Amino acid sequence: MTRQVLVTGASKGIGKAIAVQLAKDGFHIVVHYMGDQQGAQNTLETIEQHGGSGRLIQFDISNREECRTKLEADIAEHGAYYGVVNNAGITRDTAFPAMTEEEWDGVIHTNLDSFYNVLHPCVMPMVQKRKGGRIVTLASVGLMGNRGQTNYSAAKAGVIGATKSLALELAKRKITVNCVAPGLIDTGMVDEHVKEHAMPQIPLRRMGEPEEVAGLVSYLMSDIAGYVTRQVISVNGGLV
């Protein structure tokens, strides 16, 4: 009966807004967090006070072994997830010639390897339950490239390509696979010089809110969105 949705990074910002909204939609939210147990608990309590249901889960997304262990156990105990939302991390400009090995490797392995680390333990349980499903990845913002971000652009484009290929793979199981690509989102601590930097590039001349990303994820998660797959959809105020 009940449909469970794992939301990574649901202790803060975009992941928290997604978790709250999907709980409102009726999904049993698995609120994931890395270190911030207080924030995850806050998310879950917000969910419960607005009439929904969920539970916490903890793992470090860059720790593949830990991801597998915690997810396989949570799944063995509670059943396969109907949905998996894989949220993104932050970026830091660095010009390619100046870029160090660690900057390249770290960006690639935190932003691209998390696709495998989080989704591999989750996909076949979802297939085996044969009730369809939903997978939604999120970009750091992937389609266009950006100065000083060859590593983050490679990672984000990689996620997009992995997402689309997996969409082709899982189409026959009635699991939709889509990527959401937000523009500049106001998550509460963004640099002023960042706002200053990009606001003229944004037709709507304003930052997006986390709830605005969550609305798009809520749509993709909904039953009527079952013919939408293999897509990367941007919520960026017209930036691109």
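Residue indices: 1-based, along the sequence shown.
Trainee: Which fits the stretch between residue 141 and residue 142: none, 1 to 3, 4 to 9, or 10 or more deposited residues lacking coordinates?
Mentor: Missing residues, residue 141 to residue 142: 1 to 3.
Trainee: When the C-alpha temperature factors are averaged for each of 35-43 and 201-209, which stretch ends up with the higher value in the entry?
Mentor: Stretch with the greater average CA B-factor: 201-209.
Trainee: Looking at the deposited entry, does 66-74 or 181-189 carry the larger mean Cα B-factor?
Mentor: According to the PDB entry, the answer is 181-189.
Trainee: According to the Cα B-factor stored in this entry, which of the following is highest: 168, 88, 123, 157?
Mentor: In the PDB entry, the greatest C-alpha B-factor among 168, 88, 123, 157 is found at 88.
Trainee: Using the B-factors in the PDB entry, rank residue 8's C-alpha atom against the chain and give the third, lowest, middle or highest.
Mentor: As the PDB entry reports it, the C-alpha B-factor of residue 8 lands in the lowest third of its chain.
Trainee: Within this chain's modelled residues, let me know which third the CA B factor of residue 2 belongs to: lowest, middle or highest.
Mentor: Ranked within chain, residue 2 CA B lands in the highest tercile.
Trainee: Within this chain's modelled residues, let me know which third the CA B factor of residue 99 belongs to: lowest, middle or highest.
Mentor: As the PDB entry reports it, the C-alpha B-factor of residue 99 lands in the highest third of its chain.
Trainee: Could you tell me which third, lowest, middle or highest, the C-alpha B-factor of residue 117 occupies within its chain?
Mentor: It belongs to the middle third of the chain when residues are ordered by C-alpha B-factor.
Trainee: For the chain shown, is the CA B-factor of residue 134 in the lowest, middle or highest third of its modelled residues?
Mentor: According to the entry, residue 134 has a C-alpha B-factor in the chain's lowest third.
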